[PDB]
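*Asks:* opening piece of the complex, as it sits:
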Amino acid sequence: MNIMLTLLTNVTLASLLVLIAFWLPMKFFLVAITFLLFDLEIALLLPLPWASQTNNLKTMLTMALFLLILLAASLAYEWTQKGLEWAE
Amino acid sequence: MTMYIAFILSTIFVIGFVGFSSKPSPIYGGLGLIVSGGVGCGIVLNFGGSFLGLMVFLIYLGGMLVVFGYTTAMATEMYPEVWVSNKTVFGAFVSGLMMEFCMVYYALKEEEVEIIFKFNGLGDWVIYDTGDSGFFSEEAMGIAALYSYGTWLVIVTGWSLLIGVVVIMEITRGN
Amino acid sequence: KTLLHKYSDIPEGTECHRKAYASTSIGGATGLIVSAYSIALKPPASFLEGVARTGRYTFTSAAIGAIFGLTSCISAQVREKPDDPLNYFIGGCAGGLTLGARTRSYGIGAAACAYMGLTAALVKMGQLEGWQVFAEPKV
Amino acid sequence: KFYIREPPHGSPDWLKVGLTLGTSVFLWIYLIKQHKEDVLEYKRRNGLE
Amino acid sequence: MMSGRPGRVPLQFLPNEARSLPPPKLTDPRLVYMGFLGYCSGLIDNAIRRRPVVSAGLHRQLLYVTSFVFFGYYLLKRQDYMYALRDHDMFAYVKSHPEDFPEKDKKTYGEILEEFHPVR
């Protein structure tokens, strides 16, 4: 409701002041796909803050760090086999 | 009204699907899914699920779909069809309109829609449960178990993503 | 399978009109299925040719069902044989001859007579008996 | 000698072949041993011993 | 069918109850057939690789025969165990369900009227 009201008011203000301004007067793909895979892997560790307060955080420590080294591992393989050095 | 807001959003969700299911221009088809993606989170948001809903915005709408239309941007022909163009595209759109109208009309008058799954036509709100959640968000405390109970899930989904990074280079290498 | 149930519920021979309508309904529905596939896997030029393919296929299949149901029923009570497989045998050839005239070839008409006549007797053969084509997993 | 190049299997791979007889005798002696204990166990459990 | 009978320790190629069966004798006709297949494997192996068939690396033939017999012998133990298991649990159900398997009554052929159809 309040959230809907806020966004609705913003759209009208943008719409209203737009109207007064209209009537009154492989490398490219690779950067996209590499971001997509990293971004999806990023979503895995987003719940980390509350996950840091689990009662068995020791197992959390092994596996939360697991995803982070895989983030490095995915980049490391990407880097060594060209990868981030995009086609030029 | 306001009681049917989830129904209202669900209705926009369906017509949003007809936007891209009709297979318009890939940029325009993406936009039809972008709004469809946007409203779908609101359906989830109205049921709770803030974090699960927020991902649909972030890693899918602002994520997967950004590189989606990005690929359509540098690909595709020099003449992108405008939504009207081919009569089939508008025929598909109006076709999607008649399916949602007939069921919704059937839903709000007889409430005994049996298409495939028998579904009774009451308001969205007659399904919510009751009870206090204490001081922990049910959604937040569920997916936070990724590192306390999500043991075999993390091992497998992490391994495949690494294979995901290697498969994409191997296909894009060009031998 | 209400559509298939119509043919079974009506007694053999008796109520020839009901049998004929039900039988041609089965053939027409079958004609719809094959024609829909034909347009899908092998598209015609335009929509007018698409309905042209549907028109031929449905008319053939409906004709086979109509003639089979008519001949099978009209032969049953005339011969007073509500159980003899021959009541369906001439029905199969009735469709077989009907198909032959539909595609205008004597040879294919005779073959359709022989094949449909055998199967129609065989389909009847199981109706009196307990033959099951999709038997449940008893063991 | 005929062939200009010494052939891949011309020299007997003594390490590989002696291994194969090693598995062959090991596989047999375990089979003989397996049969005896199985026979003895069946002789015992089934009441004949 | 098996599959989930009471007591199904998974990935157990030889459950302990198999030790109560008469082990397959080394002179079993089934067992020597495994040996015969091993020899045929050896003959093909030399034939495919352009080798002098019979007298061509008899060490490979020995390995093929040994592997087939050994892998065979454990197979018959499982083969006999499951076959014995099928009849074992069978022989108890009939006792627990006697009315499901009623016994016939003694009627000699002197009273049974089997029709005699003449043959010409």
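*Replies:* Right, received. Where do you want to start? Numbers count the residues shown, from 1 in each chain, chains lettered A, B, ... in the order given.
*Asks:* what distance do you get for the closest residue to residue A:87 other than its chain neighbours to chain D?
*Replies:* With Cβ to Cβ, 6 or more residues apart in numbering or on different chains as the measure, residue A:27 is the residue that lies nearest to residue A:87, at 4.3 Å, once sequence neighbours are left out. All C-beta spots, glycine's among them, are computed from the backbone N, C-alpha and C. Applying Cβ to the nearest Cβ, to the nearest Å, the value for residue A:27 to chain D is 45 Å.
*Asks:* list the contacts of residue A:27.
*Replies:* Contacts for residue A:27 (Cβ atoms under 8 Å, 6 or more residues apart in numbering or on different chains) come out as A:86-88.
*Asks:* report the contact partners of residue A:86.
*Replies:* Contacts of residue A:86 (Cβ under 8 Å, 6+ apart): A:27, A:30-31.
*Asks:* could you redo the last one with a cut-off of 6 Å?
*Replies:* If you count contacts by Cβ atoms under 6 Å, 6 or more residues apart in numbering or on different chains, residue A:86 has them with A:27, A:30.
*Asks:* okay, now the residue nearest to residue B:74 when sequence neighbours are not counted: neighbour count?
*Replies:* In space, and not counting its chain neighbours, residue B:74 is closest to residue A:28: 5.5 Å by Cβ to Cβ, 6+ apart. For residue A:28, the neighbour count with other Cβ atoms under 10 Å in any protein chain shown is 13.
*Asks:* kindly incorporate the sequence below as chain F:
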Amino acid sequence: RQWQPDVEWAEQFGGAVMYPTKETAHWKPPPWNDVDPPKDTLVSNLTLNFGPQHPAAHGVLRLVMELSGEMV
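*Replies:* Let me put chain F in with the others:
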């Protein structure tokens, strides 16, 4: 001697399909190396016209040059 198949017998097996049909009467046999023939070039080397719009060229510096999206 015992009769053996000849080229006419062999070419019967040599068609694109065993049973000829006007629909398949034009289907060419697959390449033996499994390599389908490359098409022509599909490059997008647009020849950018630098110069008489951009102060970046410092003024009247019309440049004609082609590039692989970024590589001149």
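*Asks:* in light of the added chain F, please revisit the contacts of residue A:86.
*Replies:* A:27, A:30.
*Asks:* and it, how far is that from residue A:41?
*Replies:* Remark: distance between residue A:86 and residue A:41 (Cβ to Cβ, to the nearest Å) = 20 Å.
*Asks:* likewise residue A:12?
*Replies:* Residue A:12 sits at a distance of 39 Å from residue A:41 (criterion: Cβ to Cβ).
*Asks:* those two: who's more crowded?
*Replies:* residue A:41 (21 against 9).
*Asks:* now the more buried one: which helix or strand?
*Replies:* Under the assignment given by DSSP states H and E, the secondary-structure element containing residue A:41 is helix A:27-44.
*Asks:* count of neighbours near the residue in chain C that chain F sits nearest to?
*Replies:* When scored by Cβ to the nearest Cβ, chain C has residue C:42 as its residue closest to chain F, at 8.9 Å. When neighbours are counted by other Cβ under 10 Å, residue C:42 registers 9.
*Asks:* now do the strands in chain F.
*Replies:* F:47-50, F:63-66 (DSSP state E).
*Asks:* what sits up against the first one?
*Replies:* Under the contact criterion Cβ under 6 Å, 6+ apart, strand F:47-50 has outside partners F:57, F:63-64, F:66.
*Asks:* check stretch C:92-111 too.
*Replies:* Applying Cβ under 6 Å, 6+ apart, the set of residues contacting stretch C:92-111 is C:60, C:63-64, C:67-68, C:71, C:112-113, C:116-117, C:120.
*Asks:* put this one in as chain G:
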Amino acid sequence: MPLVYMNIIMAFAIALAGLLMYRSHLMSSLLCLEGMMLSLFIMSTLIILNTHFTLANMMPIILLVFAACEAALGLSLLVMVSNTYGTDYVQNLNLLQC
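*Replies:* Once chain G is put in with the chains from before, the structure reads:
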């Protein structure tokens, strides 16, 4: 059963029809395949959140991170048929006639 679920269920069906029917472009088909897992995501979250199946909240995040892997593969294949054929039209993809 609430009409919001039937709204989702057709959303799969209309997405399913679009993916199967095809018009010209594989981009649209890849878009249609994404509506598949999308409508699956809201449907999964809706049931799981409604029933307070706490551990089952696993699956929504797990669902799309693997569905997005289809995009990683599906998008890549398109550009290759785009590099070789030109336009990625499905009609071009007919070399494997035999």
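*Asks:* same as before for the contacts of residue A:86, with chain G this time.
*Replies:* By Cβ under 6 Å, 6+ apart, the contact list for residue A:86 reads A:27, A:30.
*Asks:* which stretches of chain D form helices?
*Replies:* D:14-45 (DSSP state H).
*Asks:* ugh, typo on my part, it should be chain E
*Replies:* E:29-48, E:58-96.
*Asks:* going along the chain, name the helices of chain F.
*Replies:* If you assign secondary structure with DSSP H, the helices in chain F sit at F:7-13.
*Asks:* nearest residue to the middle of chain G?
*Replies:* Central residue of chain G (Cα atoms, centre = their mean): residue G:33, 2.2 Å from the mean position.
*Asks:* and that one, helix, strand or coil?
*Replies:* Secondary structure for residue G:33, judged by DSSP: H, G, I helix; E, B strand; the rest coil, is helix.
*Asks:* so does the helix holding residue A:41 get close to chain G?
*Replies:* Yes. Part of helix A:27-44 sits near chain G under the criterion Cβ under 6 Å from any Cβ of the partner chain, namely A:29, A:37, A:40.
*Asks:* okay, these in TSV with distance to residue C:105 and neighbour count next?
*Replies:* Conversion of the residues of helix A:27-44 next to chain G to TSV gives the following (distance: Cβ to Cβ, whole Å; neighbours: other Cβ atoms under 10 Å in any protein chain shown):
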residue	distance to residue C:105	neighbour count
A:29	57	23
A:37	61	22
A:40	61	24
